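Chemist: Build me a model:
(one chain, ligands or ions: 2)
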Amino acid sequence: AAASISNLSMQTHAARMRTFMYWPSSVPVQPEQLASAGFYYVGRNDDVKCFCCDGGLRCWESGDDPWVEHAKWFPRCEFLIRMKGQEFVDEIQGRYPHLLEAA
Ligand SMILES: CC[C@H](NC(=O)[C@H](C)NC)C(=O)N1C[C@@H](O)C[C@H]1Cc1c(-c2[nH]c3cc(F)ccc3c2C[C@@H]2C[C@H](O)CN2C(=O)[C@@H](CC)NC(=O)[C@H](C)NC)[nH]c2cc(F)ccc12
Ligand SMILES: [Zn+2]
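Modeler: Residues are numbered from 1 along each chain as shown. Ligands and ions are numbered 1, 2, ... in the order given. The relevant structure is shown in the block below.
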């Protein structure tokens with residue numbers, strides 16, 4: 001069974017892509033990578049949200065993988081779990097935050 005979707009209007013990849021009209025060229029993550037991972041542009045800075053879980057992410061850095069960030073921050077997202085599988089999410093959740101030594 002499928003649970004709630006926060007934003008039905010953005011459930012399609014094409015709809016999410018259309019939001020990235022004014023995506024800043026300086027950001028080292030591309031609209032297609034974001035849209036594929038469920039994200040659409042909110043229209044300010046580099047803020048995006050997931051159509052399913054309504055999780056917002058910003059301050060995208062060089063080397064960021066939207067699927068990994070999705071799983072790092074919103075592991076309970078149903079779209080994420082169905083697209084990537086629970087094992088992907090669990091792996092990401094076991095990996096981050098990186099271990100710091102001392103206790
Ligand atoms: C940087 C780490 C993280 N980014 C990354 O890891 C990137 C990929 N890779 C390195 C990130 O973006 N996060 C981590 C989570 O925390 C959620 C998100 C930050 C965020 C919060 C987000 N997540 C939180 C977690 C908390 F425990 C406390 C507050 C927050 C917030 C709100 C932040 C903190 C403070 O409230 C001000 N604030 C704002 O968004 C202010 C900015 C003017 N503006 C507003 O409120 C407007 C009007 N409404 C939202 N709200 C958002 C809304 C968005 F559309 C986009 C991102 C956010
Ligand atoms: Zn999500």
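
Chemist: drop to CA atoms for contacts and neighbour counts, all remaining ones
Modeler: OK.

Chemist: how far out from the middle of the chain is the lengthiest helix in the chain?
Modeler: Counting by DSSP state H, the longest helix found in the chain is helix 86-95. From the chain centre to the centre of helix 86-95 is a distance of 15 Å (Cα atoms, centre = their mean, to the nearest Å).

Chemist: Residue 8 contacts residue 51, correct?
Modeler: Yes - if you go by Cα atoms under 8 Å, residue 8 and residue 51 touch, sitting 6.9 Å apart.

Chemist: so what does the longest helix of the chain touch, helix or strand wise?
Modeler: With contacts taken as 3 or more Cα pairs under 8 Å, 6 or more residues apart in numbering; DSSP states H and E, helix 86-95 sits against helix 66-73.

Chemist: related to what we said a few turns ago, which of the residues in the longest helix of the chain are classified as buried?
Modeler: By neighbour count on 16 or more other Cα atoms under 10 Å, the buried set for helix 86-95 is 86, 88-89, 92-93.

Chemist: Out of those residues, the closest to ligand 2 would be?
Modeler: In terms of Cα to the ion, no member of these lies closer to ligand 2 than residue 89, at 11.7 Å.

Chemist: The closest one - nearest residue in space that isn't next to it in sequence?
Modeler: Once flanking residues are discounted, residue 89 sits nearest to residue 71: 5.3 Å by Cα to Cα, 6 or more residues apart in numbering.

Chemist: Then residue 52?
Modeler: residue 5 (4.5 Å).

Chemist: which ones are touching residue 13?
Modeler: Residues counted as contacts of residue 13 (Cα atoms under 8 Å, 6 or more residues apart in numbering) are 35-36, 38.

Chemist: Show me which of these are buried.
Modeler: For those, a neighbour count by 16+ other Cα under 10 Å gives the buried set as 35-36, 38.

Chemist: What parts of the chain come near ligand 2?
Modeler: 50, 52-53, 77 (Cα under 5 Å from the ion).

Chemist: what about 6 Å?
Modeler: Proximity of the chain to ligand 2, by Cα under 6 Å from the ion, involves residues 50, 52-53, 55, 77, 79-80.

Chemist: Rebuild those residues as a markdown table, extending it with distance to ligand 1 and neighbour count.
Modeler: Output for these, formatted as a markdown table (distance: Cα to the nearest ligand atom, whole Å; neighbours: other Cα atoms under 10 Å):
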| residue | distance to ligand 1 | neighbour count |
| --- | --- | --- |
| 50 | 9 | 27 |
| 52 | 14 | 20 |
| 53 | 12 | 22 |
| 55 | 7 | 16 |
| 77 | 14 | 20 |
| 79 | 17 | 20 |
| 80 | 15 | 23 |
